[PDB]
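# Coordinate inspection notes
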Amino acid sequence: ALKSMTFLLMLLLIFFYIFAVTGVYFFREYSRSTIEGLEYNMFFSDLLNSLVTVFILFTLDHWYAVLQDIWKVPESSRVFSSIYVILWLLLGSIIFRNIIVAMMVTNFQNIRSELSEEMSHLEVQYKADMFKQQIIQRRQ
Amino acid sequence: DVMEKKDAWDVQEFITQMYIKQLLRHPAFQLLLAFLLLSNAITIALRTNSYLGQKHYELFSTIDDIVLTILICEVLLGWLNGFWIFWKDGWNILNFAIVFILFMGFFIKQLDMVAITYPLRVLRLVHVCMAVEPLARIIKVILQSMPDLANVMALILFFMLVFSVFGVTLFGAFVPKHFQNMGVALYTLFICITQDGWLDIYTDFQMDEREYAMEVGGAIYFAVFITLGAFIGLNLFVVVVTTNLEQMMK
Amino acid sequence: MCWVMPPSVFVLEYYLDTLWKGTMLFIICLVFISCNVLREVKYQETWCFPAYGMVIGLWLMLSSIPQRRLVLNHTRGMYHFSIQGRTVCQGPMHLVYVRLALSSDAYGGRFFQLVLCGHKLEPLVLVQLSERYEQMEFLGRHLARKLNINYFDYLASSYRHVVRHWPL
Amino acid sequence: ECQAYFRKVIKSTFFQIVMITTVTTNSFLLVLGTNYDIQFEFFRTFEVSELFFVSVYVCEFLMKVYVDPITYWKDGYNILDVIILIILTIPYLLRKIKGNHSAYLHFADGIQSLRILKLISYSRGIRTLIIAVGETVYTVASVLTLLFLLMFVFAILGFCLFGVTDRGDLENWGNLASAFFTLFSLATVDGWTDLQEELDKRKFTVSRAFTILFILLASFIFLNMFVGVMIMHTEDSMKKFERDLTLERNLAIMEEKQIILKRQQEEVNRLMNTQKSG
Amino acid sequence: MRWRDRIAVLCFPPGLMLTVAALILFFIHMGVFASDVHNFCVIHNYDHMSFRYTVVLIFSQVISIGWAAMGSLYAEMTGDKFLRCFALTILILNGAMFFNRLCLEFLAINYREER
Ligand SMILES: CC(C)CCC[C@@H](C)[C@H]1CC[C@H]2[C@@H]3CC=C4C[C@@H](O)CC[C@]4(C)[C@H]3CC[C@]12C
């Protein structure tokens, strides 16, 4: 399986890279604001913090609460930012989870396929062996 | 063969052929109906705001009357071909029930109000958008998957009950308000099986003796039950999905 | 019932079911007459929809049909269109057929009926069983054993249909 | 005239190497610009490199402005990359030298990420993967439309159940966007516990039953239906490609065996001819 | 054939039922329309208007329109121009009738009741 992980892994990490670096300077006014009462401020502060928080969005834990904690930013009619992060989390999570489970069950499929063709070839060889045993017996 | 002269039943069959050629095979009438439904869906989305409503309520009433009368006209046209065939159908029953409820709530006084008028309209929207091809195959197999899903639900709820008998032993009159009432306990265990944010419950039954108490035993029992049930349920769901779609590609 | 009807010794006889339809209309409207809804607060009385029930039903009882028959007796009968009292249609062959007809909905479900084609004749609608083709031509073969005439299938001649008399 | 030579030049690998080097230096520029010090200080290198990168992208659009749009207007990756080029060129044209009535700055790292997407537009292996997964676009669009229909149905239902009474529960089943976001959270697993604790206090006992019913329909149907559809769509798409590859290998083996047999027959015929003539 | 026997018993010729029904509907509806314009114009006794029966006769109007159209469709294939002219004329007069009474009703709003 991990040998078969060739291109999908770098596709996953490069989508992570592009989406994280896009979302760095999207909720910039979340961490860079003068609001005293906030507790998810550090999530969107640094580039490494951006990687960690978009990984959190990828894992999809408390995305509701993350969105309400970013709602303390002045709502600019949600025209670009909230739809961007929601689309990113949903698309990335479902597309990558689905693609990995699909390719893993495909790996199981061809494992069983090569196993079954091996037993079929063994059965064909056994039939040929038994037929040649009849041929040899009649040849004596 | 030759058909030197047609008869009355041939004339009736040709009339029914014309009637099913129009409004059932012609894309223009279906496109017009879909356009009207999308326009009133735009008006649906334009609701939840009295600022638009104060100059749109009379137009909303007129378009409600228009969509109701075209729906009952379509139902009458379907009835024209025969009541028996329309009554013995899988989706015309649903459409007839939709238009019957909407018309009764419109003409006769009813407490059905917005919570029935609007979801019935969007149900009709779903029914009409099923007719166009690139959603009908996907919709057809969701309903094909529910008979094989129902047994999974039955097994899940039976295991849920027979493990809630274990649950309700350590429930009731202690660590209460989510473990008591024997229906709130069942639905809270269902929440914990759906498995998101149960550390509120963890802190709820936390600090029994601060070292082991039953805080070890009951917590590990219900934790392994929760993880086994969640894994088995998710696996069975995706298994029924993969079975029925293997059916749709077979 | 599978063996009783195929022979149809000599004549056949037939009727209509509009009397049934008018019958439940009359029952429904008689129910409507007594203790209907009280919608005087709606500034309207709905007694005239039952008046249309009166009119439609009385007209439907005006269509009485005594025993639609023909000259299908197992002889050299001409299949003249015969009613008790009046007689209308006559013909030397070439008009009486038994034809399969098909109907389709928007989804594409096919429903199969049978019609004894002719000059204002009566159909051969079977009793609420049309989902599969089953055997088709066997009933046509029993009709052929009766007084062999025709068995017409869908669309043109092509194949899979039988004729016995032709006027060329 | 010189179109054949220009196509040979564009097929030469040195140009692609220079292109990849330029956009990888652009990626490094974005990496250094996501910091604060290099973003606006020590940025003469940033300025000259950005000028080089936009010159390279202008050359890209210049070599894609040929008659090849007759194939770029019906293909996949080709129309994707020219659209990326257009939505790259226009925003920094109106941003770097703006002098205009724009809102604020929010499309700098986005532009750089589109440039990184143009970088990853290479790698023919990833291109083959994209082709192999590209037949599921209609299916995922259909599942997305069914999802959106379910959100609209339960959006009007949640509004009618909790926001029209106007006794609380505002900005959860009240305003349209907040209601939609709460419904998306309830369709996911996140936030359901706190949402339930918020809704159970609004004298609506059957709201708990409605929400758990909504979960057991929406979450299960969406997740399991999506994972299924993708699993066998990709399984059947891989299967045909693998059988075609094995068929091509079998045809090559048959051709090699036929060539060997023809060579043996020719050798036998030549040996017989030499034996007859000698 | 024997149209005496055709019109005598047990049936009617195909079509020509809905046309006659539309004729009698036209008769009774000219009666009520003439009464309405009379009492609206001169004698002014609105308590005896047709303010009471307002939707059932509208339903009668639309079903009469439908039956006229349906009889026209059922009688067009006779191959005779007189029957087609008959059906088209009765359909046209019924439709213009319907528009006229709809306009009269829409003019008579402020006289019925208020919600
Ligand atoms: C059922 C089909 C054939 C339609 C027949 C409609 C008949 C029954 C209706 C339509 C018009 C109606 C009349 C219209 C006007 C008047 C004058 C009013 O002061 C009392 C009622 C009265 C006298 C109505 C009696 C019933 C009536 C004649």
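Residues numbered from 1 in each chain as written, not as in the entry; some residues may be left out. Chains lettered and ligands numbered in written order. Part of a larger assembly, values for the part shown. Heavy atoms only, no water.

- As deposited, the entry is annotated with cryo-EM as its determination method and 6.8 Å as its resolution.

### Focus: the overall build of chain B
- A tally of helices and strands in chain B yields 11 helices and zero strands.
- Each helix (α) and strand (β) of chain B, taken in turn from the N terminus, gives the series α-α-α-α-α-α-α-α-α-α-α.
- By the compact-globule yardstick of 18 Å for 250 residues, chain B is too spread out, its C-alpha radius of gyration being 27 Å.
- Here chain B holds 250 residues, and the buried ones make up 32% of them.
- Taking all contacts inside chain B whose residues are at least 6 apart in sequence as the whole, residues at least 24 apart take part in 63%. (Helix = DSSP H or I, 4+ residues; strand = E, 2+ residues; numbered from the N terminus. Rg over C-alpha atoms; globule rule 2.2 N^0.38 Å. Buried < 20%, exposed > 50% of the residue type's maximum accessible area, 1.4 Å probe, protein only. Contact = heavy atoms within 4.5 Å.)

### Here we look at the interface of chain C and chain E
- The partner chain E presents 17 residues to the 17 residues of chain C that form the contact.
- Together, the buried faces of chain C and chain E total about 1,600 Å²; carbon and sulfur atoms form 67% of this surface.
- If you sort the residues of chain C by the area they bury against chain E, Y43, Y52 and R86 of chain C come out on top, with a joint share of 35%.
- Joining chain C to chain E, the criterion identifies zero salt bridges.
- Run the count over chain C and chain E and you get two residue pairs in polar contact.
- Along the lines of polarity and charge, the residues of the side of chain C that touches chain E split into 10 nonpolar, four polar and three charged. (Buried area = accessible area lost by both parts, 1.4 Å probe. Salt bridge = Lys/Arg side-chain N within 4 Å of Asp/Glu carboxyl O. Polar contact = N/O pair within 3.5 Å; in protein donor to acceptor, adjacent residues only side chain to side chain. Nonpolar A, V, L, I, M, F, W, Y, C, P; charged D, E, K, R; others polar.)

### Topic: helix α3 (residues 137-147) of chain C
All names here are of chain C.
- For α3, the complete set of buried residues consists of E137, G140, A144, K146 and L147. Axial view of α3: buried residues confined to an arc of 155°, hence all on one face.
- Buried residues along α3 sit against β3 (150-151). (Arc of directions from axis to C-beta.)

### Notes on the pattern of salt bridges
- Under the criterion given, the structure shown has 13 salt bridges over all chains.
- For the salt bridge of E50 of chain D with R115 of chain D, the shortest nitrogen-to-oxygen distance reads 3.4 Å. Residue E50 of chain D is located in helix α4 (residues 44-64), and its partner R115 of chain D is located in helix α7 (residues 109-120); the two are separated by 65 residues in the primary sequence. Exposure class is identical for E50 of chain D and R115 of chain D. Each is buried.
- For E76 of chain E, the salt bridge goes to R84 of chain E, with nearest N and O atoms at 3.7 Å.
- A relative accessible area of 36% places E76 of chain E in the partly exposed class.

### So, the interface of chain D and chain A
- If you look at the interface, chain D gives 38 residues, while chain A gives 35 residues.
- With both sides pooled, the region where chain D packs onto chain A buries about 3,300 Å², and carbon together with sulfur makes up 75% of that total.
- Linking chain D with chain A are zero salt bridges.
- Across the chain D-chain A interface, the total number found is eight residue pairs in polar contact.
- Those elements that place two or more of their residues in the side of chain D that touches chain A are α2 (13-33), α7, α8 (124-132), α10 (176-187), α11 (192-199) and α12 (206-277) of chain D.
- Counting residues per element, the side of chain D that touches chain A draws most heavily on α12 of chain D, which supplies nine residues.

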